[PDB]
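Enquirer: Here you go, one structure.
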Amino acid sequence: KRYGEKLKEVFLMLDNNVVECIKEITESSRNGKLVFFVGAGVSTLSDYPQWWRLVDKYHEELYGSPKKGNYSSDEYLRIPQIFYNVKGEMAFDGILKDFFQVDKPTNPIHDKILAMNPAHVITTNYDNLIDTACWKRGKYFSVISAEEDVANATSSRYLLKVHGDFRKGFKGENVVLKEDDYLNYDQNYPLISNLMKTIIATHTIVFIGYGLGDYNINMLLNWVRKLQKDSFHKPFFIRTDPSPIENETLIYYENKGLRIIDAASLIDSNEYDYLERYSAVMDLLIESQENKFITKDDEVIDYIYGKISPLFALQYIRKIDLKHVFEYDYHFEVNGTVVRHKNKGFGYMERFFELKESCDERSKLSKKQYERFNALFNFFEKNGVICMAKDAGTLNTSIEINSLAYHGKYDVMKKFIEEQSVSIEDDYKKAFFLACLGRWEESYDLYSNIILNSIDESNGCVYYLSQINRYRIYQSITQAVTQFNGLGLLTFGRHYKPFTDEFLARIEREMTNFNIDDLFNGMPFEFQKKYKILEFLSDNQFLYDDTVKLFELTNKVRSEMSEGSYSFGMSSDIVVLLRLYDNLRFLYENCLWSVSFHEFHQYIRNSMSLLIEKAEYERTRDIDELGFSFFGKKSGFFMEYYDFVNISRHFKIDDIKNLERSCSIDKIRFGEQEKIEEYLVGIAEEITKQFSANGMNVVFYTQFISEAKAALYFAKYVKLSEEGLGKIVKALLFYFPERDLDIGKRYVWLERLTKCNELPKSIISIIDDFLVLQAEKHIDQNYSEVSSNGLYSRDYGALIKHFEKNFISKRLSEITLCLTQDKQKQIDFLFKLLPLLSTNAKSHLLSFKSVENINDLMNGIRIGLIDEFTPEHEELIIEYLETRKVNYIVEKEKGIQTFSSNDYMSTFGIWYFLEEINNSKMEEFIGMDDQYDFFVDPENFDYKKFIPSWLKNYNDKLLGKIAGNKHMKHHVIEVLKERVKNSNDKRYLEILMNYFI
Amino acid sequence: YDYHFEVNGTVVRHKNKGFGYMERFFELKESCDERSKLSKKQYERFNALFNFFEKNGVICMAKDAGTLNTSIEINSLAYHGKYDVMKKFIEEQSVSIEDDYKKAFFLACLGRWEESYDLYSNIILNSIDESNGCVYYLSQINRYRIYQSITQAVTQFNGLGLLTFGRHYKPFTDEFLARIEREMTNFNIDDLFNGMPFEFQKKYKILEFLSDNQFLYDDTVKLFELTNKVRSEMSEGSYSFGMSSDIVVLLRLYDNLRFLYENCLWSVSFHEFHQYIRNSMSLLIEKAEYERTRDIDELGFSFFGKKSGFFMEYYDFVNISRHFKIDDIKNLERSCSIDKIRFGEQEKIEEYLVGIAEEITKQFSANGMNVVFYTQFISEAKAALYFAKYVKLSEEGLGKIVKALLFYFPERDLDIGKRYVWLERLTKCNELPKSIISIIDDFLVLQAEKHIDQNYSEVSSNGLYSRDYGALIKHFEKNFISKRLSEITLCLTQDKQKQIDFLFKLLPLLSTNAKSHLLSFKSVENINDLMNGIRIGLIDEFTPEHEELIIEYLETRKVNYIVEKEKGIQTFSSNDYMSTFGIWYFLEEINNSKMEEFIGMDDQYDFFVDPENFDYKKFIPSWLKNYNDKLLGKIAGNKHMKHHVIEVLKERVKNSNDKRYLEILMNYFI
Amino acid sequence: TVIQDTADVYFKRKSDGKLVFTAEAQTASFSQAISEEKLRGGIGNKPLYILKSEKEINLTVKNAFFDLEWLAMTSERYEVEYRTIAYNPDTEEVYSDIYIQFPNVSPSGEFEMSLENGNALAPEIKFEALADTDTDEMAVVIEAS
Amino acid sequence: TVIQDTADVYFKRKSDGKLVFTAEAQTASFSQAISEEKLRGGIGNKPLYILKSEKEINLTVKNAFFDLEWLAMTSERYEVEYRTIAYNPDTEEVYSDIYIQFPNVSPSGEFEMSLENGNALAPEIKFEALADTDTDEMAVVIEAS
């Protein structure tokens, strides 16, 4: 328990040389290059049999008794050879089996040795204890004990059991024990030595379990000496003799090229405290594996400058992973509060902030440290690191800044692309901007050019972002080509191919069998160490943790909704908001292309959906008396320009509809309405420029027009200036791609824009020009008015009349005067706009044509020309229903369908129900449609055929009549209340509370 | 990635230019001549592959396939929680390293985590030389998993454990904790698969996601986006055909459960997996409720035969019990009406509930219980208890579950109020048989026995004491009295005045002799005692003494209010009494005009007593939930208040979407 | 167990009798909400009443395979031939099939520009039932005994 | 601009008044309804009206700490002193402060061996406000002004 405390006392009492050596061993350990020469000393801790035991056994067998005297290093080897020769090899093998064949257990040192991620472990021991020691920790190793094992090298990590081992068998022939084997090693094992030399060459040997004068230590010493001067780092020696090392021996083996450490020099120990000594040194090194070298708080600025200065490269980094720079020592929370997670030393980070508060303390530093703190504080401010969590006062988080790519700017983008690229960062920005503009091929080639130039200048950050961007844009090119060749032909009728097939072959060739997931792994150890934050970008499964954060926080927020619980401090929605703006600022400031990918859009979309969902609930949240006691008049959720552009960019129009339906957006007031209007004016103008000119980059068009559609659709709430309204409408009607927005979507978007801001006479002129163009599109008989939302230019004219009580479009009137009988299609079109033309034009068209069939009758009544139903009109209705009846009895043997006739028949049923047409024949046609029976004769009609669409789709006057009739009023109220009780719906509740009860 | 294996039970032909060999393999499966022609060893390979694909649910190509099916086969003992069976297998001797793996996983679920770690190690020694890469790796995985679990359990013990348990427990020894913190220190589970022999990773790339410390991240994001698709489907009123997102999350959840339970990964028990299961189910059931309440549109029902309705199977019950907390199931029942869902496998769910009750009875009947296993199983026990309402139980099963709930359940983790409300939830489905009435009478008489001591007092978060239990007993048995409590009265003395007060609340469950004893030994002259006498039925009218006592209490509260004007105002608990009294006056129960003088409190006191002078803008519609049908009618009938209440209620319900507010407005239509 | 009437959709060129691509239907969305003159603002007189309701049909499919001839050769209009079996609750399996067709449709999928990382093979394509003045809706349902 | 109710909570021994642990409030939950009881008991006395509504106050505190003495020394009752500035509509923060206190509470935490693999330090402890026959609940509010 307190062993760690006493050993930490030993640390920082250690001579600087020892601590620096320990840190070097740790750093090489992390690099997977550190190698260990573990000797019998470590195995002695296991009580493994010692060679002198077999030596004495051999002496007894030879001369009938032991030596009763110390064996020299030559004797330790010589007596075994005398036994091997005088007697033979058989009893040699027998004695090896008798002694070394033991299942000794490993000890703490055996696993500590493995805690350093040994690249290799070259052991001269003949034991199999060291093999198990490797599994103990988990490191894999390949055992080598002969020439043949040199082939069997499955891994990059070697347990080079040099001098042989009894794994072959307990035989002297299978090991190096007798003197001759030691002398003839260079000839007996060419290949083990072959490996041995190379591994010793570059890897950081660290000696342990050995005596300084050990024969194997001396062999390795001479072998490292054979290397070129200054071409080998001094390996280390974890010496653990109970006696303190003689200074002269220390000087000798430090000169020889070994970085030696004595446990006895670090601690005090007994004579048989071998395990204690090994543990002391190894555990000092292990505690160094954790950063505990933070000496004093006044030194803080140097430490933070070591950690943060290389980090200036990014234009911003997320505070989520800024903790990873300090290895989870200080968690930088989303709001900026720096939560202290761990700090072995005092003033690890907190002293930096106390300096930030106390300016006088900040004055105590050298101007070097002063400006160091200055730069680091500027970096933290860029990060939004508000204050240390412990002393953090009242906070006021704000919208994170984003780059111009986040803004709806494309003219600036092209200007800068035209402008000369000053340096590598300029070219990286140019590549991202070209990618944004749809010039994906130019961006890709520039990315490759900067790949070359960036490894040339050694900008690891810029190169690595360029690599990941190049892969991401290549994926975009490939998927775009697939989309084109697969579906664009069905879309346009003739698939384009902006990307040349040779270019696609080239880009596919340059990158094959290459996963960006391994891109960070393939980087230099320097870059990997100083840029561990950018590892998150390596994995192709982007947003590898932001999605989980969103999932958990969405759950929590829904739970808060359902529980109806108050909150104090920042809540779940606050952290969702903070993470969202952190991710946006990071990705757009760094100019990564990964934003355009679907997954990032989905993450942004879900976050904003949850944010607005909780925004709606807090508005209608009820407050208890104690709820009011804790807090009252809480801050409302806002919709700034930045949040608008999020909604526009990341949501689809169906998603915006879904969220508007679920949540009343109009209530939550919008912010930066002027900036919103300017950005919408920008979208409109860009569309005008792109569509008026024939030039329409197809990839760019697909990339951005979704943005414009969403912004136009979601612009229903924001106010626009008069000139802005002119621009936005002129974009919406004429220059908008007709392929995506049919006439109906066009009309309803214009109607929403009307709903917030009125259309002045200028906009009236714009829409009149659009209508006269539709007339000029109607000169050809082949032209057809066709929409998905059942909305036509007649509805546009209805809007103009709704705005202008009196409006005579002289263009339409002149057209009608110019129209002749042969232009009957144009006569029909101008008829739909009959209210909008002059009196003379009305008379002209009335002369040209009048009602003759049901379709023309519905046309006329929609225009309102006929103010009363003639007997001919009702008789025409009777004839049409006679046709429908014969068709239905004919269709009775078939399946019966009604999708357009049903509209006319429902209107006729309505008119019977409204006692407008007394005709009793429409009663005779009862039985065909459920709604027809419901209207013509509700009492006979069984009220089980009532549809939910009927329950919610309605008319005000029709609802009044329904309430007025009691027979259908009972049934309809019953089913409607039943449905709202089943599923609470706003329309159902309104229909309940307003017309019947 | 040669062929995408679709979760539905088929396989899609991912882009490949090979031999079309899954197509060929399913032609072999289809054609008896094709399979017969193979070499005999090849035929054995073919049929073993067929059996494997059946085991994993793979049938044929997605294109070749047609109608499919979904079901549950997570048959792990830990999944069922047969702890008796689980430890019986553990003590039974192992004959394989996979047997040792099974024992180690079981020891982990039983709280004998020390034995689990030791057995894991043992398998590692048994497999390092024999080179069983899959078993070796997986045992290392779960060894790290248990080291995590034990670390978190110990950390909980050192911290919140003191306040929660009320004591400092150290179930794990310091030496063992240090031994295991050291034996595999500085060890990344992510790098394990990377550092494992190449042969094993090549053969079992499946286990890469196991290597990842944040395993099931892909599962998490997949569920999250499928949930997004589900919510969009709910919003837009779509009508899906074939598989939908909800079916996809169902199958993914079920597959992950089955995988991690049959492989016996101890990672199954972590909270991240529990969170994934909870979310997956929650989506399934909210989808089921939304499907129940949906328009017709005369197109969806026609295509498919009849309709596929949602139901609850024994496995569904197991998952929900294991992976939900009481707040989860309660929030669920609130948002979605589980009662609409028709449960299934009632007998097997009964068996599982009896197993849960048997386990906790074994734990708490005996003084000795493993603390770590108690934490592991109590939450599951609580969820199964609360979730047992919706299933039919037999008389023996009902007796066991109820006796668990009352006597064998901890008081610390579940107070008396929860105990009672959980009981009354349980009986809604199963009316109290003589056995359950006897069990409640027994537990109640024990409460009386603890109340014999003057130091003891009943404690309940919900304010639901022994009186509520007795009320339930006489609710289901209109004629019932406890002989034990009667003979307590026979020995009862005025010294045990607190016992007399406790028993005063339980008057109707006693004999006439006991009623006389209660009447004689003490009076009903106190506000709380008056409420008790009203509740138990001893007093029905307010005598001059009773009304004067209430008037004196209101005088004390009035002087306190006057002092409170000068020294701050506190109003939580008294206002309850004053509101009750104002209603009594409003309901023509109290007639004294002294109360009109006491007016001045703005929660149901000045309102009910003086509706006209009351400022109706302060009225809160949530007050309407507390009133019953009689008081609802009276309050609605009074002209001085009806207009304001209807306007506030209707506007607030139209802004809101509470069903109870709809019901209150429906009774308010007048 | 699951829906046993897998839908075969045939999407053909309308001008000429050529098949473009066949797929498997995934979901169909129907909306009947009044958006003409938004909610209120339509033509209204004392004796005159016009049903102003407007509706839109959306359909999704999956596993799109295009005819080789249509790729080879490559105002234009297309049709749909949604093909499913009519199943009653009484008869969950019926020899008779239900035939749904949208002779007027417009191909406009939001999957265009979907650039998801890693594996992807769900080219869901959206369609909108395009309408005309003469015929409010072109969809038709016929059941073949 | 953030919600300025950074309340300070002092958890003290009700038996002796000794401070146990201090922390910052996170959330507070209020739920009140009527017990699901009967009205036919005996004769369902009409004159005998009765208020049977029961309410539970659930709470949560974050950044839970502890006192050295309380750790040192180790029916029992506990006290809570919610200290909050008197936010009122007139001013972002009023000179006066609002004291909220619950003399009776029990520490039934939701933690229950939460074994989340995450390295997050949020020992959230839940609190259910206990009741007694004499008092519906001890929830107390005072105004400094």
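Quick note on naming: the chains in the structure tokens go A, B, ... in the order shown, residues restart at 1 in each chain, and ligands are numbered from 1 in order of appearance.
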Based on DSSP run over this structure's backbone, return all residues of chain D in helix (DSSP H, G or I), as a ChimeraX atom specification.

Expert: /D:68-73

Enquirer: Using only C-alpha atoms, I'd like every residue of chain D that has an atom within 9 Å of chain A; please write them out as a ChimeraX atom specification.

Expert: /D:1-7,24-31,58-59,84-89,98,100,121,141

Enquirer: I need the residues in segment 3-141 of chain C that are strand (DSSP E) according to DSSP; give them as a VMD selection string.

Expert: chain C and resid 8 to 13 19 to 32 55 to 66 78 to 80 83 to 85 97 to 101 105 to 107 125 to 129 131 to 132 140 to 141

Enquirer: Show me, as a PyMOL selection string, every residue of chain B with an atom at most 12 Å from chain C, counting only C-alpha atoms.

Expert: chain B and resi 1-4+6+8-9+12-15+62-63+65-71+232-245+247+295-309

Enquirer: Taking only C-alpha atoms into account, find every residue of chain A that has an atom no more than 6 Å from chain B, and write it out as a list in words.

Expert: residues 137, 547, 551 and 982 of chain A

Enquirer: Find the spatial neighbours of residue 73 of chain D, counting only C-alpha atoms, within a cut-off of 12 Å - ignore same-chain residues fewer than 6 positions away - and output them as a PDB file with N, CA and C atoms, in the first residue's frame.

Expert:
ATOM      1  N   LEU B 162     -21.196   3.823   1.411  1.00  0.00           N
ATOM      2  CA  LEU B 162     -21.341   4.193   2.817  1.00  0.00           C
ATOM      3  C   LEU B 162     -22.721   4.778   3.089  1.00  0.00           C
ATOM      4  N   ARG B 167     -23.126   1.453   5.696  1.00  0.00           N
ATOM      5  CA  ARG B 167     -21.995   0.758   6.292  1.00  0.00           C
ATOM      6  C   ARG B 167     -20.853   0.728   5.290  1.00  0.00           C
ATOM      7  N   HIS B 168     -19.664   0.405   5.795  1.00  0.00           N
ATOM      8  CA  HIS B 168     -18.482   0.204   4.967  1.00  0.00           C
ATOM      9  C   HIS B 168     -18.266  -1.295   4.800  1.00  0.00           C
TER      10      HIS B 168
ATOM     11  N   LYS D  18     -24.958  17.311  12.312  1.00  0.00           N
ATOM     12  CA  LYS D  18     -23.608  17.260  11.765  1.00  0.00           C
ATOM     13  C   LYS D  18     -23.660  17.208  10.243  1.00  0.00           C
ATOM     14  N   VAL D  20     -22.910  16.242   6.613  1.00  0.00           N
ATOM     15  CA  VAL D  20     -22.481  14.977   6.022  1.00  0.00           C
ATOM     16  C   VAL D  20     -21.710  15.248   4.736  1.00  0.00           C
ATOM     17  N   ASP D  67     -17.842  14.986   4.238  1.00  0.00           N
ATOM     18  CA  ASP D  67     -17.090  15.614   5.322  1.00  0.00           C
ATOM     19  C   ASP D  67     -16.053  14.655   5.877  1.00  0.00           C
TER      20      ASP D  67
END

Enquirer: With 10 Å as the cut-off and only C-alpha atoms counted, what is the closest atom pair between each nearby residue of segment 99-144 of chain C and segment 685-703 of chain A? Distances in Å to one decimal, ordered by chain and number, as JSON lines.

Expert:
{"residue": "C:110", "atom": "CA", "partner": "A:702", "partner_atom": "CA", "distance": 10.0}
{"residue": "C:112", "atom": "CA", "partner": "A:702", "partner_atom": "CA", "distance": 7.4}
{"residue": "C:113", "atom": "CA", "partner": "A:702", "partner_atom": "CA", "distance": 6.2}
{"residue": "C:114", "atom": "CA", "partner": "A:703", "partner_atom": "CA", "distance": 9.4}

Enquirer: Please, could you write that set of residues out with C-alpha atoms as a PDB file, in the first residue's frame?

Expert:
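Result saved to result.pdb:
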ATOM      1  CA  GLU C 110     -33.499  12.296 -52.174  1.00  0.00           C
ATOM      2  CA  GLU C 112     -29.164  11.459 -54.851  1.00  0.00           C
ATOM      3  CA  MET C 113     -26.019  12.977 -53.294  1.00  0.00           C
ATOM      4  CA  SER C 114     -26.136  10.515 -50.365  1.00  0.00           C
TER       5      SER C 114
END

Enquirer: Leaving out residue 136 of chain C and any residue of its chain fewer than 2 positions from it, which residues lie within 12 Å of it when counting only C-alpha atoms, given as a PyMOL selection string?

Expert: (chain A and resi 786-792+855+858+898-904) or (chain C and resi 51-57+104+129-134+138-140)

Enquirer: Please save C-alpha atoms of the selected residues as a short mmCIF file (atom, residue, chain, number, x, y, z; two decimals), in the first residue's frame.

Expert:
data_model
loop_
_atom_site.label_atom_id
_atom_site.label_comp_id
_atom_site.auth_asym_id
_atom_site.auth_seq_id
_atom_site.Cartn_x
_atom_site.Cartn_y
_atom_site.Cartn_z
CA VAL A 786 -49.04 19.17 -64.24
CA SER A 787 -48.23 19.16 -60.52
CA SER A 788 -47.95 16.72 -57.63
CA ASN A 789 -49.74 18.84 -55.02
CA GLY A 790 -52.81 19.36 -57.21
CA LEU A 791 -51.89 23.06 -57.29
CA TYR A 792 -51.94 24.98 -60.58
CA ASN A 855 -64.68 19.14 -66.09
CA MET A 858 -65.86 22.48 -62.08
CA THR A 898 -62.25 5.85 -57.75
CA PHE A 899 -59.41 8.38 -57.57
CA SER A 900 -60.61 11.34 -59.68
CA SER A 901 -64.31 10.64 -60.20
CA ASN A 902 -64.56 10.48 -56.41
CA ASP A 903 -63.87 14.23 -56.22
CA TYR A 904 -66.77 15.13 -58.51
CA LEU C 51 -63.97 20.88 -52.73
CA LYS C 52 -60.45 22.34 -52.64
CA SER C 53 -58.75 19.26 -51.17
CA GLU C 54 -55.33 18.35 -52.56
CA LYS C 55 -53.47 15.08 -51.98
CA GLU C 56 -50.05 13.64 -52.79
CA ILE C 57 -48.88 10.01 -52.92
CA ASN C 104 -48.26 9.30 -64.09
CA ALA C 129 -47.72 10.70 -58.09
CA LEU C 130 -47.93 13.51 -60.63
CA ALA C 131 -51.42 14.89 -61.29
CA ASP C 132 -53.30 16.60 -64.12
CA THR C 133 -56.21 19.01 -64.39
CA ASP C 134 -58.56 16.49 -66.01
CA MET C 138 -54.01 8.67 -61.68
CA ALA C 139 -53.56 5.81 -59.21
CA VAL C 140 -55.77 2.79 -59.90
#

Enquirer: Residue 256 of chain A: which residues within 12 Å, counting only C-alpha atoms, same-chain residues fewer than 6 positions away excluded, as a list in words?

Expert: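 Listing them by chain and then by number gives residues 212, 213, 217, 218, 220, 221, 222, 223, 224, 225, 226, 233, 234, 235, 236, 237, 249 and 250 of chain A.
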
Enquirer: What separation in Å, quoted to one decimal, exists between atom CA of residue 592 of chain B and atom CA of residue 45 of chain D?

Expert: 20.2 Å

Enquirer: Taking only C-alpha atoms into account, name the residue in B:588, B:411, B:501, B:495 that is nearest to residue 108 of chain D.

Expert: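 That would be B:411, the residue with the smallest distance to residue 108 of chain D.
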
Enquirer: Identify, on the basis of only C-alpha atoms, every residue whose closest approach to residue 519 of chain B does not exceed 12 Å; exclude the query and any residue fewer than 4 positions from it along the same chain; express the result as a VMD selection string.

Expert: chain B and resid 489 494 500 to 501 503 to 505 507 512 to 515 523 to 525 529 533 538 to 539

Enquirer: Take the residues that were just selected and, keeping N, CA and C atoms, output them as a PDB file, in the first residue's frame.

Expert:
ATOM      1  N   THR B 489     -54.612  -6.360  20.896  1.00  0.00           N
ATOM      2  CA  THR B 489     -55.430  -5.469  21.726  1.00  0.00           C
ATOM      3  C   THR B 489     -55.702  -6.075  23.097  1.00  0.00           C
ATOM      4  N   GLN B 494     -52.218   1.067  27.808  1.00  0.00           N
ATOM      5  CA  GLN B 494     -52.049   2.489  27.530  1.00  0.00           C
ATOM      6  C   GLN B 494     -50.582   2.898  27.482  1.00  0.00           C
ATOM      7  N   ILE B 500     -51.126   1.914  20.073  1.00  0.00           N
ATOM      8  CA  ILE B 500     -52.546   2.237  19.973  1.00  0.00           C
ATOM      9  C   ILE B 500     -52.790   3.199  18.815  1.00  0.00           C
ATOM     10  N   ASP B 501     -51.875   4.146  18.592  1.00  0.00           N
ATOM     11  CA  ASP B 501     -52.042   5.076  17.478  1.00  0.00           C
ATOM     12  C   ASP B 501     -51.919   4.363  16.137  1.00  0.00           C
ATOM     13  N   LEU B 503     -52.550   1.235  15.607  1.00  0.00           N
ATOM     14  CA  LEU B 503     -53.708   0.371  15.457  1.00  0.00           C
ATOM     15  C   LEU B 503     -54.982   1.160  15.205  1.00  0.00           C
ATOM     16  N   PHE B 504     -55.016   2.425  15.620  1.00  0.00           N
ATOM     17  CA  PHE B 504     -56.180   3.261  15.360  1.00  0.00           C
ATOM     18  C   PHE B 504     -56.401   3.415  13.864  1.00  0.00           C
ATOM     19  N   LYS B 505     -55.313   3.528  13.099  1.00  0.00           N
ATOM     20  CA  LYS B 505     -55.422   3.588  11.648  1.00  0.00           C
ATOM     21  C   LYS B 505     -56.007   2.312  11.060  1.00  0.00           C
ATOM     22  N   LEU B 507     -58.385   0.304  12.347  1.00  0.00           N
ATOM     23  CA  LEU B 507     -59.618  -0.051  13.050  1.00  0.00           C
ATOM     24  C   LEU B 507     -60.508  -1.030  12.291  1.00  0.00           C
ATOM     25  N   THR B 512     -64.800  -6.160  17.211  1.00  0.00           N
ATOM     26  CA  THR B 512     -65.506  -5.129  17.965  1.00  0.00           C
ATOM     27  C   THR B 512     -64.848  -4.890  19.318  1.00  0.00           C
ATOM     28  N   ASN B 513     -64.255  -5.936  19.892  1.00  0.00           N
ATOM     29  CA  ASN B 513     -63.537  -5.779  21.149  1.00  0.00           C
ATOM     30  C   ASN B 513     -62.364  -4.853  20.918  1.00  0.00           C
ATOM     31  N   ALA B 514     -61.644  -5.051  19.818  1.00  0.00           N
ATOM     32  CA  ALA B 514     -60.522  -4.184  19.479  1.00  0.00           C
ATOM     33  C   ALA B 514     -60.988  -2.758  19.211  1.00  0.00           C
ATOM     34  N   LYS B 515     -62.139  -2.603  18.552  1.00  0.00           N
ATOM     35  CA  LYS B 515     -62.686  -1.270  18.325  1.00  0.00           C
ATOM     36  C   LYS B 515     -62.957  -0.563  19.648  1.00  0.00           C
ATOM     37  N   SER B 523     -58.648   8.989  22.681  1.00  0.00           N
ATOM     38  CA  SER B 523     -59.689   9.714  21.969  1.00  0.00           C
ATOM     39  C   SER B 523     -59.226  10.047  20.554  1.00  0.00           C
ATOM     40  N   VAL B 524     -60.153  10.588  19.769  1.00  0.00           N
ATOM     41  CA  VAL B 524     -59.888  10.976  18.389  1.00  0.00           C
ATOM     42  C   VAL B 524     -59.677  12.487  18.268  1.00  0.00           C
ATOM     43  N   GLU B 525     -59.282  13.148  19.358  1.00  0.00           N
ATOM     44  CA  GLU B 525     -59.244  14.611  19.406  1.00  0.00           C
ATOM     45  C   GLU B 525     -57.848  15.096  19.023  1.00  0.00           C
ATOM     46  N   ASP B 529     -55.371  12.657  14.136  1.00  0.00           N
ATOM     47  CA  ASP B 529     -56.243  11.621  14.676  1.00  0.00           C
ATOM     48  C   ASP B 529     -57.657  11.762  14.127  1.00  0.00           C
ATOM     49  N   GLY B 533     -59.628   8.913  12.122  1.00  0.00           N
ATOM     50  CA  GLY B 533     -60.968   8.469  12.466  1.00  0.00           C
ATOM     51  C   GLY B 533     -61.927   8.581  11.298  1.00  0.00           C
ATOM     52  N   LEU B 538     -64.482   5.619  11.977  1.00  0.00           N
ATOM     53  CA  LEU B 538     -64.965   5.732  13.350  1.00  0.00           C
ATOM     54  C   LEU B 538     -65.893   6.933  13.488  1.00  0.00           C
ATOM     55  N   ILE B 539     -65.471   8.087  12.973  1.00  0.00           N
ATOM     56  CA  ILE B 539     -66.281   9.299  12.952  1.00  0.00           C
ATOM     57  C   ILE B 539     -66.719   9.570  11.521  1.00  0.00           C
TER      58      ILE B 539
END

Enquirer: Which residues come within 10 Å of segment 485-498 of chain A, counting only C-alpha atoms, excluding same-chain residues fewer than 6 positions away, as a ChimeraX atom specification?

Expert: /A:439-441,697-699,739 /C:13,20-21,64-66,70-71,73-74,76,78,106-109,111-112,123,125

Enquirer: In Å, how far is it from atom CA of residue 241 of chain A to atom CA of residue 273 of chain A?

Expert: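 Between atom CA of residue 241 of chain A and atom CA of residue 273 of chain A the gap works out to 9.2 Å.
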